[PDB]
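Each remark here refers to the structure printed beneath this line.
Counting starts at 1 for both ligands and their atoms, in listed order. Protein chains get the first letters and strands the later ones, always in sequence-line order, with residue 1 at the start of each. Basis for what follows: all heavy atoms, side chains included, without hydrogens, waters or symmetry-related copies.
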Amino acid sequence: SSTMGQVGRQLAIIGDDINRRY
Amino acid sequence: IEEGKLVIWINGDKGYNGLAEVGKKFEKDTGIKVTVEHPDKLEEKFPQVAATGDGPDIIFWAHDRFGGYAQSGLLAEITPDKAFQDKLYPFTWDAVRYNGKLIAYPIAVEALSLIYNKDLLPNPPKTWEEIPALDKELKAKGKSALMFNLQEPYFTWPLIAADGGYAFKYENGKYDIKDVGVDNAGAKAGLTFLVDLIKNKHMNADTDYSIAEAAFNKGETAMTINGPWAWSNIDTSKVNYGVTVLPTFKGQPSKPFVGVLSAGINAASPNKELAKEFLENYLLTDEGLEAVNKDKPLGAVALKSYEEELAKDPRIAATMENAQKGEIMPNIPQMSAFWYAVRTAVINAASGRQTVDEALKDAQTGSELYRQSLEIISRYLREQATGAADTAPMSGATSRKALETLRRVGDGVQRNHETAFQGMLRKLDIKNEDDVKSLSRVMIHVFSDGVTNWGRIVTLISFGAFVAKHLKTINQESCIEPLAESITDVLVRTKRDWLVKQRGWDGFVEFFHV
Ligand SMILES: OC[C@H]1O[C@H](O[C@H]2[C@H](O)[C@@H](O)[C@@H](O)O[C@@H]2CO)[C@H](O)[C@@H](O)[C@@H]1O
């Protein structure tokens, strides 16, 4: 996966962390 | 906005050069320079820049967008005296009236017509039902029956509305915003007929304005559907064309939406009186309208004197006959979200992403979610970027709670994940408007593993706020609300079902409750 794909995937991982937190 | 100068925005398909010529006569007489521009997506850009007190002095668009502009405080009430008002047709003033006030000057009445190549097709069909057999005949000859813009629902609306589609129900002096009319049998029948043309290869789902115009003006297709502005380029092409009544569908007239091209005055302009003088005494005159019309035909103008002169034009007569079969567009502020939702439904059905029935069934809630989401997300990104809360008013309780939630949760994400967010921004190297537009590819990649949850949603909005702060820093503040709009689009276009199941923004507030 490319540059925009890498950013998007890191946003999803962060979002999953947030989802677990709340 | 510069005092002592007029900046005018008009769409790029209209006679902006003729209008600039009227601007030169104004400058000649007054010393005031008139700059005419035709930005892309100006009907969305105008409310973005005007909200921050920038933008043009004068905005030209069909009347359907102006109710939303006025509701947001972005338009000056215009002040024509009774004598001037008597110079224009009364139903055109009716189109530019919002909550009892005139919010724009009416310029001309527009409706779509059928345009046909007389050498290929001297006797064009009277019914949509005839077009497939005709296309198969023209293909054996190296031609096609019909090409028109399938990316803008304005052009397919006549067929959707023919057998009973409607936007909002009008009853007892009021449009009822809870009664949207695309999820009924007649709308579905019309859109199904359109999708069948594509399925059987009489039409291509990717056809847009430019492609259809080029095909017709090169004599490759026997018909197109377009408005008066298009006649001038056909004249240049030396295609021999006629303009006629749209085909019937199930024996019913096609019902195009009727638009009144209108000129509104920015509430933030210091040049309101100059704008009034330009519009009343230079543009809305026989000679002013003639200069614009000679560039790109306006249709049936609002000025009685000049419309009498053009009314003999058989192409104008056909426009008015299609217009009488159609309906004047509502101007309520929900019209923008309506068009967002109907555009997605038409494109989804044409392309097969959804069935016709699913696509039109989604449209109403899509429009309501879009409108609510756009406001929440746009407000958050702007206040994050500027440091200042928007004081204008607001479904309002929920939107207020959602924004309070973001100030806590979205601010929290940007605190906790600042190192990640900073590396993401560096890696993307956002410099210009194209950079920002391309971020929609990032947003889709957030959801490409097929998972949706509130954490990913709030993180994407939080990163949107992080990018917006950066945009103000590099003097690209005007790009903030396009960003908010693309975030909103990805969420509503692809996650509508999930948002509805999760109770939308009430569920959002609930999930993130302390
Ligand atoms: O497709 C939705 C669109 O329809 C109308 O826009 C027309 C406009 O009225 C015409 O003057 C011409 O420019 O073509 C446009 C369609 O591309 C609505 O006025 C507009 O609000 C709406 O988004």
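If you number the atoms of ligand 1 from 1 as listed, the ones under 4.0 Å from a heavy atom of B:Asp13 come out as 12 (C), 13 (O). Near B:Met329, meaning under 4.0 Å from one of its heavy atoms, ligand 1 places the atoms 19 (O). Here is the list of ligand 1 atoms found below 4.0 Å of a heavy atom in B:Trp61: 19 (O), 20 (C), 21 (O).
Residue B:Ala62 places a heavy atom less than 4.0 Å from ligand 1. In this structure, B:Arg343 has a heavy atom closer than 4.0 Å to ligand 1. Heavy-atom separations between B:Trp229 and ligand 1 include at least one value shorter than 4.0 Å. Using a 4.0 Å cutoff on heavy atoms, B:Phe257 does not count as a contact of ligand 1.
When hydrogens are left out, the protein atom nearest atom 16 (C) of ligand 1 is B:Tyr154 CB, 3.6 Å; that is the closest non-hydrogen contact. The closest protein non-hydrogen atom to atom 11 (O) of ligand 1 is B:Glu110 OE1, 2.8 Å. In terms of protein heavy-atom proximity, atom 21 (O) of ligand 1 is nearest to B:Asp64 OD2, 2.4 Å.
In summary, B:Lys294 and B:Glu290 engage in a salt bridge, as defined by a charged side-chain N under 4.0 Å from a carboxylate O. Electrostatic pairing of B:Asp163 and B:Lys250 counts as a salt bridge here, judged by a charged N lying under 4.0 Å from a carboxylate O. Between B:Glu110 and B:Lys14 there is a salt bridge, since at least one side-chain N of the basic residue sits less than 4.0 Å from a carboxylate O of the acidic one.
B:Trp229 does not carry B:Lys296 over the face of its six-membered ring by the limits of under 6.0 Å from the centre and within 45° of the normal.
Using modelled atom types and a 3.5 Å distance limit, the side chains of B:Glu485 and B:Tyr370 yield a donor-acceptor pair.
Nearest to atom 23 (O) of ligand 1 by heavy-atom distance, out of B:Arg65, B:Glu43, B:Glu152, is B:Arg65.
Under the 6.0 Å cut-off for aromatic ring centres, B:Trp128 and B:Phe249 do not qualify, their centroids lying 6.0 Å or more apart.
Side-chain N or O atoms of B:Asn432 include one that pairs as donor or acceptor with a backbone N or O of B:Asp434 at under 3.5 Å. Looking at B:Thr207, its side chain does come within 3.5 Å of a backbone N or O of B:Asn204 through a donor-acceptor pair.
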